[PDB]
Amino acid sequence: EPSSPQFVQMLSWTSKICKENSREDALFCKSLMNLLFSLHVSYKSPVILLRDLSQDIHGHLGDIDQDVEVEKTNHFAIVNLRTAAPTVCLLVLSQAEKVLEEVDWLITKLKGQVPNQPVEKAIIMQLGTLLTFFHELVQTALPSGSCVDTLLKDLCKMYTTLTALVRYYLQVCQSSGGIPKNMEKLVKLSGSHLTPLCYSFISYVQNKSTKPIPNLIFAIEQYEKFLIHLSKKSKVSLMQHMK
């Protein structure tokens with residue numbers, strides 16, 4: 001049962017095996033990470049685990065600029081040059097797709113409503129953590145298999161969720177009047193941390209050699225356009241954060 005102490009014992013044990021023992025064989029790592037995720041997501045949101053695993057992938061695989069010497073092996077032992085490149089990326093991306101789907105569901109049920117305040121606090125918290133996760137992963141060099149197009153699809157879903165959030169804010173800002181400060185920090189964080197590195201990533205993903213990159217540029221420009229409409233329709237300047 002997901003509230004029992006034996007659940008927590010099993011989760012601690014799984015995570016400890018994940019923290020120590022290497023075992024370079026893709027199927028074993030994949031099934032073991034799937035066990036860990038399966039347990040974790042019925043206990044708490046995995047966003048911390050996604051962050052740490054992205055940090056490990058970034059440290060092991062390296063960066064796009066080939067001048068970042070980062071090693072954070074302490075976090076999770078089951079991250080290898082032969083393991084983390086083909087197989088683990090897909091699993092972490094899949095779980096991130098599931099988290100995006102859950103917040104999409106939240107946003108859609110909140111739109112139809114007009115239970116309010118802590119909901120949006122939790123939503124922006126998950127989105128902030130996922131933004132740091134993505135921040136860590138976008139700077140990495142993945143192989144050009146299913147991993148990269150999966151990353152683009154999930155990033156398109158990310159930007160779509162952001163677009164839907166600012167659209168709900170466009171819906172609500174007339175009735176109440178004002179942006180909650182956590183949303184302001186979240187959009188500031190997206191503007192400062194995410195979007196410039198996203199532009200750098202567009203250059204990086206385009207140069208390395210058809211539909212997802214058009215999807216991504218359309219998504220980001222639509223995000224900026226909806227932010228224009230919000231900054232007009234909110235009587236608050238969110239473009240002093242933007243460039």
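Everything in this summary refers to the structure shown in the same document. (Residues numbered from 1 in each chain as written, not as in the entry; some residues may be left out. Part of a larger assembly, values for the part shown. Heavy atoms only, no water.)

1. Quick look at the side chain of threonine 150
Within the fold, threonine 150 resides in helix α6 (residues 146-172). Setting aside anything within four residues of it in sequence, one finds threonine 150 in contact with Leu90 and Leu93. (Helix = DSSP H or I, 4+ residues; strand = E, 2+ residues; numbered from the N terminus. Contact = heavy atoms within 4.5 Å.)

2. Observations regarding the pattern of salt bridges
In this structure the tally under the stated criterion is three salt bridges. Of the charged contacts, one joins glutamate 101 and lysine 157 as a salt bridge, the two residues approaching to 2.7 Å between their closest N and O atoms. Its relative accessible area of 23% is what places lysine 157 among the partly exposed residues. With its nearest N and O atoms 3.3 Å apart, the salt bridge here joins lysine 181 to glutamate 184. With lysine 181 and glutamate 184 both in helix α7 (residues 181-207), this residue pair falls three residues apart, about one helical turn. (Salt bridge = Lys/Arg side-chain N within 4 Å of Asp/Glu carboxyl O. Buried < 20%, exposed > 50% of the residue type's maximum accessible area, 1.4 Å probe, protein only.)

3. Remarks on the side chain of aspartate 154
Looking at the element boundaries, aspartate 154 is found in helix α6. Within the buried set, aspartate 154 has no salt-bridge partner at all; the shortest N-O distance to an opposite charge, 5.5 Å, is to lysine 153. When residues no more than four places from it in sequence are discounted, the contact partners of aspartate 154 are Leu93, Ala96, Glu97 and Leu100. (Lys, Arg positive; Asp, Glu negative; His and termini not counted.)

4. Considering the environment of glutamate 20
Its location among the elements puts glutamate 20 in helix α1 (residues 5-20). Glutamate 20 sits in the partly exposed class, given a relative accessible area of 48%. Counting along the chain gives 58 residues from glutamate 20 to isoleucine 78, while the straight-line C-alpha distance between them is 7.6 Å.

5. Focus on empty space enclosed by the protein
Take a probe with the size of a water molecule and roll it over the atoms, and the empty space left behind shows itself. Computed from the structure, the largest cavity encloses a volume of approximately 40 Å³. Lining the largest cavity, in full, are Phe134, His135, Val138, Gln139, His193, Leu194, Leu197 and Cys198. For the lining of the largest cavity, the elements supplying multiple residues, two or more each, are α5 (117-138) and α7. If you tally residues by element for the lining of the largest cavity, the top one is α7, at four residues. The class makeup of the residues in the lining of the largest cavity is five nonpolar, three polar and no charged. (1 Å grid on protein atoms, 1.4 Å probe; cavity = no way out; pocket = protein on both sides within 12 Å on 5 of 7 lines; lining within 4 Å. Points joined across faces, edges and corners; volume = space filled by probe spheres on them. Nonpolar A, V, L, I, M, F, W, Y, C, P; charged D, E, K, R; others polar.)

6. Brief notes about the packing of α6 against helix α8 (residues 212-233)
It is at 9 Å that the axes of α6 and α8 come closest, and there the two elements cross at 15°. Taken together, α6 and α8 sit at an angle that is classed as roughly parallel. Crossing of α6 over α8 shows left-handed handedness. On the side of α6, the interface is formed by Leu152, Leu155, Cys156, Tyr159, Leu162, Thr163, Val166, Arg167, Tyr169 and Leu170, while α8 contributes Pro212, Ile213, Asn215, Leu216, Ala219, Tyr223, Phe226, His229, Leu230 and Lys233. Among the residues forming the contact of α6 with α8, the class breakdown is 15 nonpolar, three polar and two charged. (Axes fitted to C-alpha atoms, helices over the stretch in contact; angles between N-to-C directions. Parallel < 35°, antiparallel > 145°, perpendicular 65-115°, else oblique. Left-handed = near helix turned anticlockwise from the far one by under 90°.)

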